[PDB]
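Residues per chain are reported as follows:
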Amino acid sequence: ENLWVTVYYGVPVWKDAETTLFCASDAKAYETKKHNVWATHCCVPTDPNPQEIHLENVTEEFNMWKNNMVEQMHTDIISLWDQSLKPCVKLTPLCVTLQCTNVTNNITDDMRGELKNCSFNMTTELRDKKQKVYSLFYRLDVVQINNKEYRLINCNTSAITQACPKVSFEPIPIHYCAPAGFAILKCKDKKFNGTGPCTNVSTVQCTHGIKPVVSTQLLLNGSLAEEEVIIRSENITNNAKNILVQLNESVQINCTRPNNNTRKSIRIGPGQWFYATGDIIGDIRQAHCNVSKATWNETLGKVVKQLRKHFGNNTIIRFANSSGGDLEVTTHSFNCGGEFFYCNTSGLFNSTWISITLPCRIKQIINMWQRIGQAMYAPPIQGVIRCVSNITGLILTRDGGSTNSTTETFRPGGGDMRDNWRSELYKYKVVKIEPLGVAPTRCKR
Amino acid sequence: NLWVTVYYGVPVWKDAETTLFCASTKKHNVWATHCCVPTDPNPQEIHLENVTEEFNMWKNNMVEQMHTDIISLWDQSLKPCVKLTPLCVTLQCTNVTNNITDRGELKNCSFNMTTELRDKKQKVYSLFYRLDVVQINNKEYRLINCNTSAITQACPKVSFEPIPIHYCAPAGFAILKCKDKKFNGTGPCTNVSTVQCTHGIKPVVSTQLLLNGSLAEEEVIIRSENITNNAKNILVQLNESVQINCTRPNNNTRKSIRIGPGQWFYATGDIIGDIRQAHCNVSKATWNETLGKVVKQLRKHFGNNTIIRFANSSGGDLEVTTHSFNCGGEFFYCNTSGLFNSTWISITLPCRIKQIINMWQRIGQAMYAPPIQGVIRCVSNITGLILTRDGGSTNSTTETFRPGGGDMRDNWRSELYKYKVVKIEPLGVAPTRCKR
Amino acid sequence: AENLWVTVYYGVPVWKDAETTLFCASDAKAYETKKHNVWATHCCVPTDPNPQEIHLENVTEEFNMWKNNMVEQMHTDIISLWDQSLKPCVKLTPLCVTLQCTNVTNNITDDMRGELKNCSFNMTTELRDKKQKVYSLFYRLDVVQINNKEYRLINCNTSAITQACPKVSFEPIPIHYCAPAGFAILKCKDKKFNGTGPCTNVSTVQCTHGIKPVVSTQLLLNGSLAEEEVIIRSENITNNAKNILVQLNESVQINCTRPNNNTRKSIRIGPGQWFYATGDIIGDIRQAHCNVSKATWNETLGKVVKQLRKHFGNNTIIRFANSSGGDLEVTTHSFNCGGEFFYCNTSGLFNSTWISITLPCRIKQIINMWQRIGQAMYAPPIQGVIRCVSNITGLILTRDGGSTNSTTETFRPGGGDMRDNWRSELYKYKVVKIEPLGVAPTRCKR
Amino acid sequence: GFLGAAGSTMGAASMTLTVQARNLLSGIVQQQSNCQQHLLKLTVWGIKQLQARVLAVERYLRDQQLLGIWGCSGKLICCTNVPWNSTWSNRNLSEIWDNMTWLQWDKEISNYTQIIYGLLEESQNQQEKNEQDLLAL
Amino acid sequence: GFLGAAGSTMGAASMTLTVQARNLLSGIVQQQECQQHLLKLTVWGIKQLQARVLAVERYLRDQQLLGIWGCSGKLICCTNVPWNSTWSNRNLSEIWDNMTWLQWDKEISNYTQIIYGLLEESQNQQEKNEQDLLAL
Amino acid sequence: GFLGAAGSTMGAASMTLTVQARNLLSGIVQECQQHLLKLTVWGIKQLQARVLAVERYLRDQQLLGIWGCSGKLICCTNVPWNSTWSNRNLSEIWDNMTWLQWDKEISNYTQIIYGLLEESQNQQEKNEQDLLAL
Ligand SMILES: *[C@@H]1O[C@H](CO)[C@@H](O[C@@H]2O[C@H](CO)[C@@H](O[C@@H]3O[C@H](CO[C@H]4O[C@H](CO)[C@@H](O)[C@H](O)[C@@H]4O)[C@@H](O)[C@H](O[C@H]4O[C@H](CO)[C@@H](O)[C@H](O)[C@@H]4O[C@H]4O[C@H](CO)[C@@H](O)[C@H](O)[C@@H]4O)[C@@H]3O)[C@H](O)[C@H]2NC(C)=O)[C@H](O)[C@H]1NC(C)=O
Ligand SMILES: *[C@@H]1O[C@H](CO)[C@@H](O[C@@H]2O[C@H](CO)[C@@H](O[C@@H]3O[C@H](CO[C@H]4O[C@H](CO)[C@@H](O)[C@H](O)[C@@H]4O)[C@@H](O)[C@H](O[C@H]4O[C@H](CO)[C@@H](O)[C@H](O)[C@@H]4O[C@H]4O[C@H](CO)[C@@H](O)[C@H](O)[C@@H]4O)[C@@H]3O)[C@H](O)[C@H]2NC(C)=O)[C@H](O)[C@H]1NC(C)=O
Ligand SMILES: *[C@@H]1O[C@H](CO)[C@@H](O[C@@H]2O[C@H](CO)[C@@H](O)[C@H](O)[C@H]2NC(C)=O)[C@H](O)[C@H]1NC(C)=O
Ligand SMILES: *[C@@H]1O[C@H](CO)[C@@H](O[C@@H]2O[C@H](CO)[C@@H](O)[C@H](O)[C@H]2NC(C)=O)[C@H](O)[C@H]1NC(C)=O
Ligand SMILES: *[C@@H]1O[C@H](CO)[C@@H](O[C@@H]2O[C@H](CO)[C@@H](O)[C@H](O)[C@H]2NC(C)=O)[C@H](O)[C@H]1NC(C)=O
Ligand SMILES: *[C@@H]1O[C@H](CO)[C@@H](O)[C@H](O)[C@H]1NC(C)=O
Ligand SMILES: *[C@@H]1O[C@H](CO)[C@@H](O)[C@H](O)[C@H]1NC(C)=O
Ligand SMILES: *[C@@H]1O[C@H](CO)[C@@H](O)[C@H](O)[C@H]1NC(C)=O
Ligand SMILES: *[C@@H]1O[C@H](CO)[C@@H](O)[C@H](O)[C@H]1NC(C)=O
Ligand SMILES: *[C@@H]1O[C@H](CO)[C@@H](O)[C@H](O)[C@H]1NC(C)=O
Ligand SMILES: *[C@@H]1O[C@H](CO)[C@@H](O)[C@H](O)[C@H]1NC(C)=O
């Protein structure tokens, strides 16, 4: 009968929680150039020394598939993106009948029909005057009316706006930081599965810097973990779930657009300009990406070796290319140099287990796959562009309804943007600090 | 001898004005969408024994908030939808003379409207009600609001069907409810129960005759700010509902015309079958009895031997001269003169339909109500009347009353009359027998 | 312990330099009447009818008007209110059309030849398939020739123009800046305070004196007047790259007018969208102008120079000269009177070398209000005629430091950066924050 | 039962002081159902609700500060050394704690409230100073 | 070393109570250009205010409870409510030298409301009794 | 007379502690109101100002709580002076000096002193908990 309730305040315990995290940057992104979406948003620098605290003996359960931080990042990016277009020029006046031809001059056969030379009647700065102008368009954005009359692809569905010519969408790394009263716990287990208990937990103020890189099928410029290739999925057994594969070595991919572009500016209203693609200088060649087979064949062999752990050591593992659907799903959607590429990856998934040039299409009117109903027009970039990126992971799915268990088929798939962030945020969890608690002691008032 | 003691948590309140919040398959219902913070489904009413408190419904700021919130929600619901500016063109109209159960109520108008392309046009046609079409300078017509305001299209998914809403106090505040029988909106009362939220109130919009409200307990209650002053409205709450059956008998179809990139306009298409008059049926015996009860109670305030006459409405626009009724998604303007034509000591009311609505929240903006396919049938409860005295006469022998209203706040005052908002002031001081 | 322990005090009267958010307070009576004034409808906290001031005995406080964050606060608030006043009104994009015009030649004095143009154009009506031909008058500064009789509005290639709201007043009304709880404003009362350094008569207030948000360049109008002498303030004095703000201890009265009797017409351009055009002038057409008493102005500069010499030498020649090149908004005396914009030529005021003056004025309707570039406002015309009476309370001058020697200094009108018009009123105030905790030794122990 | 004691004897109502005090700061008991992200779009309603919440906090703190200054921090039924002045209510003790409720009582006091608060503040200032010197011995 | 504990026994963890207490409020004021830019993001700004207002409300809620229970101003508070063997049938060495607070909470979370109600009742009685004894 | 004691000596100024203490929560008491809800930016800036004023107030109250001075304007401790913080006698500290001057004199030791006060209070509570066990 001698034990009494003692109330304590400042007890080091926590509970799972969902809150709003704020973004932070390295300062330098804003200090130097600004004029980009993430430097402008992330106005608060991180601490120069965001030292983590190791928690001795702490075991905590993580679940990357239910991680609220991922859902927030998705929402924040879309909102940021929209607010970056809001102030710029609407391109409504371009939704007219166009008079187009085949370009023809200096085209390698692989590029025949890819570009069109279109003339049209657009307004000038004065309401009562018009001008006849012309520009090049990529075939993918131009749809035939009814053989010379064409419409822009967005005219019957969506509003179209011009992306701001001075704003970069470069994926500058950002950090998510907790508000007071909250903490971010992270798993330091090098082989963490994506779910379940982790016995190596530290507490941080901010996450590591994450580059908000947008792509589909092949994940670019992320983490390579540390020791081994890890295959993780919400279910594994259920083929309907995406499998996120994290590589332990990167594969370098070299992408280019070889055509030397120029640009012309057309005045379309008081204070407004339209950026049009001008004539190509020199030869017209196809855009493409190079993957070295020397590394790619070994990389897939490693994936298969690990993949077998869930499927059988005598099972046939087949890689195959994508299924049908929009280019955002069926090809490697890739945003680089300020232009949008849609690269054909079938040359990468053509093997059965027990240099590679990928041609690429270029598109300017983009229904950014965040939603349908608002199209973005990407202004052209002068000169030529080159990108060198690190492939750090893959998103694969399985074919259900297989004839038998002897053979499993893996294809590039997914493309939902959440999985491009889930793969970096998989090790972080947000918890709320709860300072009150009680315990029996031997003291009485 | 006695010492000052300071108390905290004293159950004492003062009159106060604060901001209340609205708590509330219908994913496109306005009331459902913007008021989504459900409370405990079992409100806890506290009876306060030995408590007397003063109410004044005419100075009740809960009414002003309901009014402002409704306007704001209304405007937000129309905020993201297509403007109909491209329809304000010269129209070329005919008289729609096929199968008219005899006329001139509808017009069939053709016009030049753009397509999705800036450089192409299409010839389209649609039906309009005469009330929304005004002649230029005999074939050429304009929409009625072209020289005043932008007309926007109502979002053709969105419903305004009233869902009872509840106004709830923030912490630190409480709502007092007067349950006294025969409470006439002003003065002290003694039931005073304490609630967290009001009863559910349907934000029903109407003029002249109030629909779907409460029924005054067991007697007809006549409420007024002054009674004597003929510039004031009289709100009469009935002890029985009067049933009214309304219809729009014409079988409509609908056209959808591309008006711009990503945008569609909803036009009224051809009528299938006979073209007939919209109307409302008020039970005739019930209405006769209802007025007799009102007259009995009304008479005691003017003289026990005086005569009461009812007469129909006076001047002003349709919004005040007719019974403004919003049901089935359409706007009816019913002629009530057949209800107020008698001297004391089924009734079919024809109704007009209008599509471009200067909803009286304000002037300068208008909503286009898209047409509804098929036919409409509405059944509703008349729960009260708004009357005015036809003053200026000196012949005290007979008082004359006419339908009035049009100021939307009166429709809210009639439900919120029993509620008052107070703030809690927890500190107080009293003497005691000790000192620290 | 040597018998001393740390005692903690809360409520200690100590303050530190701070930057915070201030709020806009008002008279609240002139404001009831002036229902459409931009700074009245948006400045609602009533001031205390009897404002308090507490003199602080034995307090020396260091002030610096050139680093005063209240200036940035006033600047951004004015810009914001300006933007929110125009936001709801009609865009005049539909008026950016080819205009056809000739010169107004009826009853023109010589000074007005070529100043007004009579332009007709094809404009929309409430129906999209109809057009109307209308005409209006324009000032030559608003209209640019298209390359013989064709013209466009000057803003047609750089920005859509918004019509100023016809009922909104921009009349300066006194504004009080007030601190939030936890903050205090320290006011410097020292006579002849030059903008920097310690001040020995310091008092604490909750709100500043009322400041009228008067916008002008070159000559500061309707400000505080100095009490003892002319005070010359500058961040550096020596550095020719900076402005000199001179506060007078006597006001100079200036009388400005726009003598032409104007009319106005309302043209419907769309569905409840109205444009206000300038119609024919009734009576003779004459040039707008301002009158400065010659003797008063001459004596006033005398006083300024006497003080200016303290920094340049008794044997140094001081010369005044007119403004340099640049846009009218920075080379002439711009100001807003009655809602119309004057750009007056002040060269007649600054032409002397030391050991009634009529200033012609131009009127412009398209205003690149300098809050920023890339936006424009159209000022509706004012019917009838106007007369302005105002007080010159200070000058914005610069030194001609291009190439010189000890023989002479030259001063000429400058400015154009509106923040200096506010430094001239806010120089006496500093914002500090209160920090109630502190500790001190004492003989007492628990 | 938040105002349940409103109709009760002043001395009886002293037993519900924690009920009224607790609900002045209801906490974070109101729940957010999923919508919510929707309600954030109603900019005006967003601002009005924040104003309501901020004010409730400020009112709470102001009352707590006064109890702090008067030396009644942490107490609901705290007495002090300011004597009762009979002009404030010319009735005996037995006519206060009974035969009346807390409503009514505040009307009896009325404008004397400001006077009482000033007295309480100065008294505490003197009490703290006296303790500060006692601790010097 | 904010969560420097939770990997130590309940007893050892009592030495870090001040560190945990000071995470709120100090960690908020401490937050301290384009911060002006962000004021143009209406939804974002509202969400941030809601987070700050909520953090304050949570802080005050807990302080009010300490007030009600008579533990105001303390990090460690002894009370007059006895411990029930059914809430947890464990001895002092057993919990103070082995459990880590996180574990403890998980095991007695079912009795949280019961205990809080008891703490309030004991304080209510104590305050009244003391006032009655003060008055001779 | 809110900062009226600013030129008074530290000793004399101890008599106005409630004048300054009341400012933080009384000052905040500060057609219209509704019109300004349209100025979204002012809405946010003013709420930020009020929220911060509350956060700062509470931060200071939390410290007084932690140090064991809750509810007091003046409190004694068990933490001694080191004589390095200020090498002065009481007759030249409480008199012949104002609080503004004093704050500058010892501003370098503010964090040191606060840390010491915290540790002392924690030890004191620990020794009430065991004492109540006997
Ligand atoms: C995975 O990670 C890699 C590595 O970070 C990343 O690749 C890099 O992408 C960036 C952005 O696309 C590339 O940066 C551009 O490089 C070109 C070429 O410059 C060369 O010559 C200069 C000479 O001084 C060297 O310093 C430089 O290193 C190169 O050798 C520059 O021209 C680009 O500058 C423009 O953008 C800047 C953005 O801040 C502007 O500040 C600058 O003023 C330029 O904009 C203006 O001029 C343009 C004309 O050139 C015009 O089009 C614009 O509208 C505007 O007017 C820029 O610095 C970088 O070189 C890539 N690195 C490698 C090795 O290739 C991958 O993209 C990433 N993968 C994915 C999927 O995200
Ligand atoms: C005072 O209070 C009373 C109630 O106490 C209230 O009366 C009720 O009003 C509501 C709303 O107007 C009425 O609800 C509608 O009823 C019709 C009738 O349909 C009957 O027949 C069909 C046959 O197929 C049955 O399936 C049905 O169950 C009924 O027996 C429905 O048709 C209405 O639904 C349509 O509109 C909805 C709008 O959201 C759509 O979601 C729904 O899918 C339907 O739309 C389709 O049909 C339309 C044509 O009918 C067409 O235009 C659309 O494009 C689409 O194809 C709806 O359920 C309810 O019946 C009334 N009660 C009574 C007894 O009459 C009063 O209104 C209130 N007073 C005031 C002033 O508000
Ligand atoms: C659509 O526009 C055409 C072109 O203006 C209209 O046809 C003209 O009508 C006028 C009489 O008002 C005739 O004098 C012209 O000769 C006609 N032009 C042509 C090319 O036929 C037509 O009436 C308009 N239609 C509608 C429904 O408004
Ligand atoms: C119903 O309303 C009437 C007012 O219309 C209230 O009557 C007033 O009563 C007060 C005092 O009792 C008088 O000073 C007013 O002159 C009365 N006005 C009229 C018009 O008679 C009446 O009190 C209300 N009902 C109750 C029960 O009080
Ligand atoms: C500023 O300094 C002066 C001089 O030391 C202080 O003046 C003395 O104040 C005491 C107060 O008890 C009076 O009895 C003396 O007669 C004053 N002396 C003179 C010469 O006037 C003054 O109080 C100080 N200011 C403040 C705020 O403390
Ligand atoms: C490239 O274009 C030029 C004309 O600009 C033409 O003379 C030349 O033959 C073309 N080259 C090829 C490969 O078609
Ligand atoms: C890894 O995830 C799979 C999903 O099927 C699960 O069955 C397995 O138990 C998890 N492994 C670990 C160590 O958590
Ligand atoms: C390269 O591909 C062959 C099949 O063509 C395969 O047998 C071999 O193991 C692969 N190399 C590596 C390193 O995996
Ligand atoms: C009138 O009725 C006839 C059927 O006899 C029908 O064919 C015709 O379309 C109707 N006209 C209308 C709907 O006005
Ligand atoms: C058409 O309607 C007008 C207006 O009501 C009327 O004057 C005219 O006689 C009608 N004509 C026919 C043939 O219906
Ligand atoms: C009319 O004005 C133009 C431009 O100011 C000028 O060039 C022309 O000579 C004028 N014609 C006259 C003054 O007759």
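To be clear, the structure that these remarks concern was listed above.
As a numbering rule, every chain is indexed from 1 in the order its sequence is written, which need not reproduce the entry's residue numbers; residues that lack coordinates are not presented. Think of it this way: whatever chain is written first is A, whatever ligand is written first is 1, and the rest follow in order. The side-chain values count all of the structure's non-hydrogen atoms but skip hydrogen atoms and water molecules.

S.K.: So what about the overall build of chain A? Which residues, and what values?
M.R.: Elements are defined by DSSP. Helices are runs of H or I of four residues or more, strands are runs of E of two residues or more, and each kind is numbered from the N terminus. On a plain count of helices and strands, chain A comes out with six helices and 32 strands. Expressed along its principal axes, the backbone C-alpha trace of chain A runs to roughly 95 × 60 × 35 Å. The protein chains shown are the only cover counted for residues, whose accessible areas, like all others here, come from Shrake-Rupley with a 1.4 Å probe. In the form shown here, chain A has an accessible surface area of approximately 19700 Å², with 44% of it arising from carbon and sulfur atoms. Charge counting follows a simple rule: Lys and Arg are positive, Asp and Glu are negative, and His as well as the terminal groups are ignored. To locate a charge, take atom NZ for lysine, CZ for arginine, CG for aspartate or CD for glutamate. Of the side-chain charges in chain A, 49 are positive and 39 negative, and the distance between the mean point of each set is 4 Å.

S.K.: Describe the arrangement of the chains, with residues and values.
M.R.: Here, two residues are considered to be in contact whenever any of their heavy atoms come within 4.5 Å of each other. In this structure chain A stays clear of chain D, and the shortest span between their C-alpha atoms is 11 Å. A gap remains between chain C and chain E, with no contact made and the closest C-alpha atoms lying 11 Å from each other.

S.K.: Summarise the sheet that holds strand 9 (residues 131-139) of chain C; cite the residues concerned and give the values.
M.R.: Residues and elements named next belong to chain C. Strands were regarded as paired on the criterion that DSSP finds at least two bridges between them. Taken together, five strands build an open sheet; the order of strands is 9-8-7-11-10 and the sheet is antiparallel. The open sheet has two free edges, formed respectively by strand 9 and strand 10 (143-145), since each of these has just one partner strand. Taken over all neighbouring pairs, the strand axes of this sheet differ in orientation by 40 degrees on average, direction set aside. Sheet analysis places strand 10 next to strand 11 (residues 150-153), joined by three bridges and oriented antiparallel. Lines are fitted to the C-alpha atoms to define the axes, a helix being fitted only along its stretch in contact, and any angle between axes, read from their N-to-C directions, falls within 0 to 180 degrees.

S.K.: Just give me the short version of the interface of chain C and chain B, but keep the residues and values in it.
M.R.: Counting residues at the interface gives eight residues for chain C, matched by 13 residues for chain B. Each of two parts loses accessible area, computed with a 1.4 Å probe, when they are put together; buried area is these two losses added. Area buried by chain C at its contact with chain B is led by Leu127(C), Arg128(C) and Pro271(C), which between them contribute 60% of it. By salt bridge we mean one thing: a side-chain nitrogen of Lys or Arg within 4 Å of a carboxyl oxygen of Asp or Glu. Joining chain C to chain B, the criterion identifies one salt bridge. A salt bridge links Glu126(C) to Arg142(B); the shortest N-O distance between them is 3.8 Å. Any pair of nitrogen or oxygen atoms within 3.5 Å is treated as a polar contact; in protein, a donor-acceptor pairing is required on top of that, and neighbouring residues in sequence qualify only through side-chain atoms on both sides. Summed over the shared surface of chain C and chain B, the number is two residue pairs in polar contact.

S.K.: Could you give an account of the site of ligand 4, naming the residues involved and the relevant values?
M.R.: Residues and elements named next belong to chain B. Within the structure, ligand 4 sits among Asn184, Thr186 and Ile227. One nitrogen or oxygen atom from the side chain of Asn184 is found 2.6 Å from a nitrogen atom belonging to ligand 4. Note that an oxygen atom of ligand 4 is positioned 3.3 Å from one of the side-chain N or O atoms of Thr186. Here ligand 4 loses 29% of its free accessible area of 550 Å² to cover by the protein chains. Put simply, a residue is near a molecule or strand once any heavy atom of it comes within 4 Å of that molecule or strand.

S.K.: Tell me what's going on with empty space enclosed by the protein, and back it up with residues and numbers.
M.R.: Using protein atoms alone on a 1 Å grid, points that fit a 1.4 Å probe yet trap it form a cavity, whereas open point sets bounded by protein on both sides within 12 Å along at least five of seven lines form a pocket; residues with an atom within 4 Å of a point count as lining. Grid points are joined across faces, edges and corners, and a volume is the space filled by probe spheres set on the points. Its boundaries defined by the atoms lining it, the largest cavity holds a volume of some 1000 Å³. Lining the largest cavity are 47 residues, with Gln64(D), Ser73(D), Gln63(E), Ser72(E) and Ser70(F) sitting closest to its centre. Under the scheme applied, nonpolar residues are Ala, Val, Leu, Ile, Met, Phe, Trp, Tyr, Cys and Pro; charged residues are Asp, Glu, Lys and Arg; polar residues are all the others, including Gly. Classifying every residue of the lining of the largest cavity gives 22 nonpolar, 19 polar and six charged. Space inside the second largest cavity adds up to approximately 220 Å³. Around the second largest cavity sit 21 residues that line it, and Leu220(C), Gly223(C), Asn421(C), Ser424(C) and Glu425(C) are the ones nearest its centre.

S.K.: A description of the pattern of salt bridges should follow, citing residues and the corresponding values.
M.R.: On inspection of all chains with the given rule, the structure shows 76 salt bridges over all chains. Linking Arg418(A) and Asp416(A) is a salt bridge whose minimum nitrogen-to-oxygen distance equals 3.2 Å. Accessible area is worked out with a 1.4 Å probe on protein chains only. A residue is then buried under 20% of its type maximum, exposed over 50%, and partly exposed in between. Classification of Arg418(A) as partly exposed rests on a relative accessible area of 24%. Notably, a salt bridge pairs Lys293(B) with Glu240(B), separated by 2.7 Å at the nearest N-O pair. Taken as a pair, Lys293(B) in helix 3 (residues 284-299) and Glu240(B) in strand 17 (residues 234-252) lie far apart in primary sequence, 53 residues in all.

S.K.: Requested: an account of the nonpolar core, with residues and values cited.
M.R.: The nonpolar side chains of a soluble globular protein tend to be buried, and buried together. The set of buried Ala, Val, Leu, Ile, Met, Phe, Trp, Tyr and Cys residues whose side-chain atoms join them within 4.5 Å is what this entry labels a nonpolar core. Formed by 189 residues in total, the largest nonpolar core has its most connected members in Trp14(A), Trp13(B), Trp15(C), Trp102(D), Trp101(E), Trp67(F) and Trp99(F). Here this core takes eight residues from helix 3 (residues 42-69) of chain E, the largest share from any one element. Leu137(C), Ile285(C), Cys337(C) and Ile386(C) belong to the second-largest nonpolar core, a separate cluster that totals 48 residues.

S.K.: Let's hear about the site of ligand 7: which residues, and what values?
M.R.: All names here are of chain A. The environment of ligand 7 is formed by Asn193, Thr195, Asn235 and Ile236. Between ligand 7 and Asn193 there is a distance of 2.5 Å, counted from an oxygen atom to a side-chain nitrogen or oxygen. Measuring from an oxygen atom of ligand 7, one finds a backbone N or O atom of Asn235 at 2.9 Å. Starting from 370 Å² of accessible surface for ligand 7 in isolation, the protein chains cover 42%. When its residues are assigned to classes, the shell around ligand 7 shows one nonpolar, three polar and no charged.

S.K.: Let's hear about the packing of aromatic side chains: which residues, and what values?
M.R.: In summary, the pairing rule links any two rings of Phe, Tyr or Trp, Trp by its six-membered ring, whose centres are within 6.5 Å, and it sorts them by plane angle into stacked for under 30 degrees, edge-to-face for over 60 and tilted for everything else. Throughout the structure, instances matching the rule amount to 44 aromatic pairs over all chains. Relative to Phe349(A), the ring of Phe319(A) has its centre 6.3 Å away and its plane inclined at 55 degrees; by these criteria the two rings are tilted. Remark: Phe349(A) occurs in the loop between strand 24 (339-343) and strand 25 (351-353) and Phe319(A) occurs in strand 22 (residues 316-319); sequence separation between them is 30 residues. A relative accessible area of 2% means that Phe319(A) is categorised as buried. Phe349(A) sits in the buried class, given a relative accessible area of 1%. When the ring of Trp82(C) is compared with that of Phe170(C), the centres are 4.4 Å apart and the planes differ by 35 degrees; the resulting orientation is tilted. Across the pair, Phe170(C) and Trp82(C) agree in class, each one buried. Charge-over-ring placement is defined geometrically: NZ (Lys) or CZ (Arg) within 6 Å of the ring centre, and within 35 degrees of the ring normal. Cation over ring: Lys444(A) sits above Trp4(A), and NZ or CZ is 5.7 Å from the ring centre. Cation over ring: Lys364(C) sits above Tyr343(C), and NZ or CZ is 6.0 Å from the ring centre.

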